Structure formats: structure tokens, C-alpha cells
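To start, the structure under review is shown below, and the notes come after it.
2 protein chains.
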Amino acid sequence: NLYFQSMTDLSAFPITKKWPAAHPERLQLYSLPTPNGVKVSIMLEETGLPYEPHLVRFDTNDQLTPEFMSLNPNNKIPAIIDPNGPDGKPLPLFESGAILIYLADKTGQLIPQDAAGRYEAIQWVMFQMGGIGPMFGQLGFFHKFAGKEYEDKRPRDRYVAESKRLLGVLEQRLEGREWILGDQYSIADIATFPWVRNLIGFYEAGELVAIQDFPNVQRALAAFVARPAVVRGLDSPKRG
Amino acid sequence: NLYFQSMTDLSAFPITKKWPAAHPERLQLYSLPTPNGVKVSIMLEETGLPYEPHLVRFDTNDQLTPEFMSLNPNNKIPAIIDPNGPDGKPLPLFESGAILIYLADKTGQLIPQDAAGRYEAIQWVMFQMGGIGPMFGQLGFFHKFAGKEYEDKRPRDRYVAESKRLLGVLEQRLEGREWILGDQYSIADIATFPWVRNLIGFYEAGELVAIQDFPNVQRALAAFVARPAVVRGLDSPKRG
Ligand SMILES: N[C@@H](CCC(=O)N[C@@H](CS)C(=O)NCC(=O)O)C(=O)O
Ligand SMILES: N[C@@H](CCC(=O)N[C@@H](CS)C(=O)NCC(=O)O)C(=O)O
Ligand SMILES: N[C@@H](CCC(=O)N[C@@H](CS)C(=O)NCC(=O)O)C(=O)O
Ligand SMILES: N[C@@H](CCC(=O)N[C@@H](CS)C(=O)NCC(=O)O)C(=O)O
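Chains A and A', in that order, are what the protein sequence lines are. A prime marks a further copy of an entry chain.
The opening position of the first sequence corresponds to residue -5 in the entry's author numbering, with each subsequent residue numbered one higher.
The opening position of the second sequence corresponds to residue -5 in the entry's author numbering, with each subsequent residue numbered one higher.
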């Protein structure tokens, strides 16, 4: 490398031993099409940023490998390495909500550019990250995944009540608004609607929460799922 | 107001009907000394930013009032109004992790100033907001608050296992590091250590998680609780 640049080398990141980069000039996404993974693929599809997706398979415990954990020591998807990071260096990152803020800043898309609006966006991303995701996820556990040994439905009922409470927050926020921040679709929507979708789809919790009681949520969710970039992001990484 | 500035008027914010501002030139904090509330009071005490604390009492359901909910429609503490906000206007904000990022940016303290470091800080705040807080909180419910009607200890055991897993992430991260981001104490520490403290103190879950198995965590926690600004922040708002 005396006279010119090498092709992008990501070998400093041990995760690349397990999922080699065919396109090391592109952001590398290590994910699975779950509500948290699709936040990031949807963001990438919306913004048009090139990326190389890699399927992290739970059936083979891929997320528990040293290779995966070298990128995310929390053992969870999604995670990224952007080869074209700040200060001209690769940037590893995990936590879906952090990735959304990073990506919005990188190219100045899908976050308000005024300061107050930016902090409001971060607030609603935090609401999702600390409320929607954790609590809808616990309902999914107790309704869908928990076996017959959990005979007591009190934990389920706790998370039904909390999920309804959170849906009510969203419902009131969306009154008179197209999207969570008003007219402009943003990372707050990308963080939140995949979880509403999962709750009432995959988790089969739509009857428990009575989704029809939240007409603004139903409006915005229907709009969200129909966006072509959302449809693309929901199917990435490809399972086959 | 023809010839000069009025004293700061926060009357546009209905929360001020319930907790009037004696010092409307200061950031207004609506909180209670819980792990999430003290993140913000600790940050304020660390940075030296003036603030006026207001005790939001759960015994009188203050957080469920229209006045409180006009600021945080999610009905939770902490929440703030900074009268001296971006663009010279007051800034309302909720979600502890969002407030921490706002405050660090406002005065350029306790977040790295280089881009990569900033995103790493946001990542670890997200780890706390989506992992530590929600999961330690569910353990607190099932261990401390849940009554005898929850005879099945399977939910408790689920959150014990998850809390131990999260403590292990923190433990490995702190190996060879003073604080979560290395040498420099930051908002990542402020977000996280109040929750470790609460888990092993108020929640009485220290035996369940065997805190002594996490010597780096014990080191950093002991350092954290001894900081004079932490001691001040843990006692704000004052209950009497
Ligand atoms: N707070 C994290 C949560 C990520 C998360 O829950 N990831 C799940 C899939 S949706 C995962 O990787 N689970 C694997 C496991 O727990 O072993 C984020 O938003 O990124
Ligand atoms: N270890 C997890 C495995 C399942 C999992 O990771 N679920 C994700 C969704 S794909 C979750 O609930 N994440 C919570 C969040 O996003 O905060 C569990 O036992 O629930
Ligand atoms: N994700 C929120 C969580 C805040 C939270 O859980 N607040 C609790 C106290 S620590 C609360 O106000 N609970 C009142 C209630 O649920 O009614 C944040 O970090 O600010
Ligand atoms: N409505 C809550 C009341 C208690 C509460 O708000 N707890 C807070 C701690 S003070 C919590 O667990 N917050 C979770 C987080 O921070 O994510 C519950 O039923 O657990």
C-alpha cells in the first residue's frame, strides 16, 4: 500500500471471519428480519445507502459466537460496520436505535435538521427503545413463546395492560398527525411501526390488545407497511 | 413587553399549573429519586447546570394528571423543560436517555466530542435504555413488588437470568476500563449505575444475581456512588 489505496479491508473486525464482506465498500449489516433488525434494513432502504446484509441465524446460535459477539458483546441483532465512517474510519455499532440516529446523521435524512426537532426525534426513539420494544417483546414471550409450564396468565395480563397503555400513548400522539413527528416521516416511525406490526402479526396479540381501538395507529401502520422501502426492508437479510 | 424582556414565562406549559416555577430562568425537572429520575439529577449535579426540582408524587398519582401528562404523555418521570433551549426557546423533553444526550450536548460535557465516540456513547445509553432499565425493572417487579397471587417463580427466574446476562455484558466491557467508555466518565455511566445500585439495594436482588461475581461492576459501582455529584443527585428532588 505504498502508492494507492487497498480495496477496503475489514479484517480488523473478527465478525468478518464468519460473514465475509463480498462488498467491503458497503455498510455491513448483521441481522435477521425481526422487529429490531428491520428497523435498520428499512432505514437503509429508505435512504438508499448501499449495504451488504448478512443473515444471523438463531437456529445455529450465530449471535452467541465469539465472532458475532466481537461486534456486539450483548449477543443481539442488529449490528453494523460502516466502512465509510466518521473521520474516514470504519464504525462498528449496535443497538437499533443508536444505528437509526447514526444513519440519519450520516446523510442528513429522516431526522429533523433543527435542534429542537432532533431532540424530539431522539425522545420518541427512546420511548420506543425503552417502552414499545421491551414491553411488546415481553407480551410476545408470555403469549406466543411461553410453554404450558407457565400456567399463571398474570404475567401475560401485565404485559397486555402495558402494551395497551403504550398503544394509547401512540394513538393520542398521532391524533392530527401523519407521522409521529407530524408531517415528516422519520426514524421515530421506523423504530416504532415494525413493533406494532410484529405485535399484531407474528405475536398474534392483536385480539388481546384490541388494535381496532387505536384508529390513528391503524391508519399510520397501514401507511407504513405499504411503503415500498418498508416492504424491501422487511425482507432483508434474505432467509433463502 | 415593548421595551425589554419579561421575566421568563413558562405558562405555555400546563405542567406549571401543578408545579409552578419559582425560578423560571432555570431548567425545570419533574422527577422522583428512582433509578430513572436520578440519571437526570445526577447529570445536572455533575455538570453544574442550574435547575429547579419538583417532586412528582406517585402516592397521589401525580404522574397521571393532565398537568403532568401535558409534558410527558407517557405518564412517567423524569421530564424537563429547559427555558434556555435551542434557538432561544424553551425545550420540553422526556425519556431519561434523551435528556442525558440533550444535556451533554447543551454544554458539551460528559459525552465524547469526537463523532465515533459520540455514537459509541449513544450505543451504550441505548443498551441501558433497552436492556438494563427494562429488564432490571421487571426483576424488581417479580422479586419485590409482585404479591402472593404470583405463586409461579418462573417469571422471576426469567428476569434473574436476563439481569445476570446483562451484568456479564457490563462486566466484560469494564475489564481494563475505568468507566464504560474507558478513562472518561460519561452519560453512559450516569444512565447505567443508578440501575445497578437499585437492583442490589432497593430491589433486594443482589443475592439473586450474585453481584460479587462481577468484580469490575463492583469496582465501578463503588466509585460511582461515592462521587459527590452522584450523592447530591440521588437525593433530588427532596422528598421532604
Ligand atoms: N435493544 C436492542 C434489542 C435487540 C434484540 O432484542 N435483538 C434480538 C432480536 S429482535 C436478538 O438478537 N435476540 C437474540 C438473543 O437474545 O439471543 C436493539 O434495539 O437493538
Ligand atoms: N432472549 C429473548 C429472545 C427473544 C428476543 O430477543 N426478542 C426480541 C424481539 S426479536 C425482544 O423482545 N426485544 C426487546 C426490545 O427490543 O427491547 C427472550 O427470551 O425474550
Ligand atoms: N424509559 C423511561 C422510563 C421512565 C420510568 O420508568 N419512570 C417511572 C419511574 S422510574 C415512572 O414514572 N413510573 C410511573 C408509572 O408507571 O406510573 C425513561 O428512561 O425515562
Ligand atoms: N408501571 C410500572 C411501575 C414501576 C416503574 O415505573 N418502574 C420503573 C423503575 S422506577 C421501571 O421499571 N422502569 C423501566 C425502565 O427504565 O425501562 C410497573 O408496573 O412496573
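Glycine included, each C-beta is placed from N, C-alpha and C at the ideal position.
Hey, would you say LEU104(A) sits closer than 8 Å to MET37(A), going by beta carbons? Reading the first sequence from its first residue, position 110 is the one you call residue 104(A). Reading the first sequence from its first residue, position 43 is the one you call residue 37(A). Yes, these two residues count as a Cβ contact at 8 Å.
From this set, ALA73(A), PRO149(A) and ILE116(A), which residue's C-alpha is nearest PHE136(A)'s C-alpha? Residue mapping note: residue 136(A) aligns to position 142 of the first sequence, counting from 1. For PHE136(A), the nearest C-alpha among the options comes from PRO149(A).
Quick check: is the beta carbon of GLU145(A) nearer than 8 Å to any beta carbon in chain A'? One-based indexing of the first sequence puts residue 145(A) at position 151. Judged by the 8 Å Cβ criterion, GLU145(A) is in contact with chain A'.
Comparing the C-beta of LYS138(A') with each C-beta of chain A, is any distance below 8 Å? By one-based count along the second sequence, residue 138(A') stands at place 144. With 8 Å as the cut-off, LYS138(A') does not count as an interface residue toward chain A.
Have a look at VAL203(A') and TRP189(A) and give me their C-alpha separation to the nearest angstrom. Sequence index remark: in the second sequence, residue 203(A') carries index 209 (1-based). Sequence index remark: in the first sequence, residue 189(A) carries index 195 (1-based). Whole-angstrom Cα-Cα distance: 30 Å.
Closer than 7 Å at the beta carbon, the chain A residues around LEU87(A'): The sequence position of residue 87(A') within the second sequence is 93, counting from 1. Result: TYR113 and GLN117.
With a Cβ-Cβ cutoff of 8 Å, do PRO67(A) and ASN30(A) count as a contact? By 1-based counting over the first sequence, the position of residue 67(A) is 73. By 1-based counting over the first sequence, the position of residue 30(A) is 36. No; because the gap between Cβ atoms is not below 8 Å, this pair is not in contact.
Could you name the residues of chain A that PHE121(A') contacts, counting a contact when the two beta carbons are closer than 7 Å? Taking the first residue of the second sequence as position 1, residue 121(A') is located at position 127. In chain order: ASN68 and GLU89.
Rounded Cβ spacing between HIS17(A) and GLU46(A) (contact assumed at less than 8 Å): Reading the first sequence from its first residue, position 23 is the one you call residue 17(A). Reading the first sequence from its first residue, position 52 is the one you call residue 46(A). Sure, about 5 Å apart at Cβ, within 8 Å.
Interface residues of chain A facing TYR45(A') [CB-CB closer than 7 Å]: Within the second sequence, residue 45(A') is the residue found at index 51, counting from 1. Within chain A, no residue comes near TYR45(A'); the closest Cβ sits about 17 Å away, beyond 7 Å.
Helix, strand or coil at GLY42(A') according to DSSP, with G and I counted as helix: Here residue 42(A') corresponds to residue number 48 of the second sequence, with the count starting at 1. Coil, per DSSP.
Member of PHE(-2)(A), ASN69(A), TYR96(A) and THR54(A) whose CA lies at the smallest distance from the CA of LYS33(A): Numbered from 1 along the first sequence, position 39 holds the residue referred to as residue 33(A). Out of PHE(-2)(A), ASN69(A), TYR96(A) and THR54(A), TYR96(A) has the C-alpha closest to the C-alpha of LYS33(A).
Contacts that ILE95(A') makes with chain A (C-beta to C-beta distance below 8 Å): Locating residue 95(A') in the second sequence gives position 101, counting from the first residue. Result: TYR113 and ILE116.
Please tell me whether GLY79(A') has its Cβ less than 8 Å away from any Cβ of chain A. Looking up residue 79(A') in the second sequence gives position 85. With 8 Å as the cut-off, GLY79(A') counts as an interface residue toward chain A.
At the 8 Å Cβ level, is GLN107(A') part of the contact set with chain A, yes or no? As a first step, residue 107(A') must be located in the second sequence, where it is residue number 113. Cβ-Cβ to chain A under 8 Å: no for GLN107(A').
Which residues in chain A sit within 9 Å of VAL163(A'), going by Cβ to Cβ distance? Within the second sequence, residue 163(A') is the residue found at index 169, counting from 1. What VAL163(A') touches in chain A: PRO67, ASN68 and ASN69.
Out of curiosity, what's the CA-to-CA distance linking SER64(A) and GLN122(A')? Counted from its first residue, the first sequence places residue 64(A) at position 70. Counted from its first residue, the second sequence places residue 122(A') at position 128. In a straight line, the C-alpha of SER64(A) is about 19 Å away from that of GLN122(A').
Cβ of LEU49(A') within 8 Å of Cβ of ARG233(A')? The residue labelled residue 49(A') in the question sits at position 55 within the second sequence. The residue labelled residue 233(A') in the question sits at position 239 within the second sequence. In contact: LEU49(A') and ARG233(A') (Cβ atoms closer than 8 Å).
Any chain A' beta carbon closer than 8 Å to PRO128(A): Residue mapping note: residue 128(A) aligns to position 134 of the first sequence, counting from 1. Judged by the 8 Å Cβ criterion, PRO128(A) is in contact with chain A'.
With DSSP as the reference, label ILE71(A) as helix, strand or coil. Here residue 71(A) corresponds to residue number 77 of the first sequence, with the count starting at 1. Of the three classes helix, strand and coil, the one that applies to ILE71(A) here is coil, per DSSP.
In this structure, does DSSP put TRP173(A) in helix, strand or coil? In the first sequence, residue 173(A) corresponds to position 179, counting from 1. Strand.
What residues from chain A' crowd round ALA92(A), counting only those whose CB sits closer than 7 Å? In the first sequence, the residue the question calls residue 92(A) occupies position 98. The contacting residues are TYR113, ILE116, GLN117 and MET120.
Report the three-state DSSP secondary structure of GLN166(A') (helix, strand or coil). In the second sequence, the residue the question calls residue 166(A') occupies position 172. In this structure, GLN166(A') counts as helix in the three-state DSSP scheme.
Helix or strand or just coil, what does DSSP make of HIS48(A)? Taking the first residue of the first sequence as position 1, residue 48(A) is located at position 54. It is a strand residue.
Check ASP146(A') in the structure and name its three-state DSSP category. If you number the second sequence from 1, residue 146(A') lands on position 152. Correct three-state label for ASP146(A'): coil.
Looking only at DSSP bridge pairs, what is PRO86(A) linked to? For the purposes of this step, residue 86(A) is taken as the residue at position 92 of the first sequence. In the DSSP output, where bridge partners are listed per residue, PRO86(A) has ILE75(A).
Can you name the start and end residues of the beta strand (DSSP E) that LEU23(A) belongs to? Residue numbering aside, residue 23(A) sits at position 29 when the first sequence is read from its first letter. Note, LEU23(A): beta strand (DSSP E), 21 to 25.
In chain order, what residues of the same chain have a beta carbon less than 6 Å from the beta carbon of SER35(A), not counting five sequence neighbours either side? Within the first sequence, numbered from 1, the residue matching residue 35(A) stands at position 41. So the qualifying residues of the chain are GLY227 and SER230.
Ends of the alpha helix (DSSP H) at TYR113(A)? Residue numbering aside, residue 113(A) sits at position 119 when the first sequence is read from its first letter. Element bounds for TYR113(A): 109 to 121.
Please state whether DSSP places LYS100(A') in a helix, a strand or coil. The count along the second sequence starts at 1 and reaches residue 100(A') at position 106. In this structure, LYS100(A') counts as helix in the three-state DSSP scheme.
Suppose you measure from the CA of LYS83(A) to the CA of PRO77(A); what does that come to, to the nearest Å? What you label residue 83(A) is simply residue 89 of the first sequence in a count that begins at 1. What you label residue 77(A) is simply residue 83 of the first sequence in a count that begins at 1. Going by the C-alpha atoms only, they are around 7 Å apart.
When burial is assigned at 16 or more other CB atoms within 10 Å of the CB, is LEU(-4)(A') buried or exposed? Here residue -4(A') corresponds to residue number 2 of the second sequence, with the count starting at 1. So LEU(-4)(A') counts as exposed.
Would you check if the distance between the CB atom of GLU165(A') and the CB atom of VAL219(A') is smaller than 8 Å? For the purposes of this step, residue 165(A') is taken as residue 171 along the second sequence, with counting starting at 1. For the purposes of this step, residue 219(A') is taken as residue 225 along the second sequence, with counting starting at 1. Contact flag unset, no.
Compute the Euclidean distance between the alpha carbons of residue 240(A) and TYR197(A'), then round it to the nearest angstrom. No answer is possible for residue 240(A): the residues shown for chain A start at -5 and end at 234.
Compute the beta-carbon to beta-carbon distance between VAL119(A) and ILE181(A), rounded to the nearest angstrom, for a pair I have assumed lies under 8 Å. Here residue 119(A) corresponds to residue number 125 of the first sequence, with the count starting at 1. Here residue 181(A) corresponds to residue number 187 of the first sequence, with the count starting at 1. Contact holds; Cβ gap of about 6 Å.
Between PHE52(A) and ligand 1, is there a pair consisting of the residue's CB and a ligand heavy atom that are separated by less than 7 Å? For the purposes of this step, residue 52(A) is identified with residue 58 of the first sequence, where counting begins at 1. Flag set: Cβ of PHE52(A) near ligand 1.
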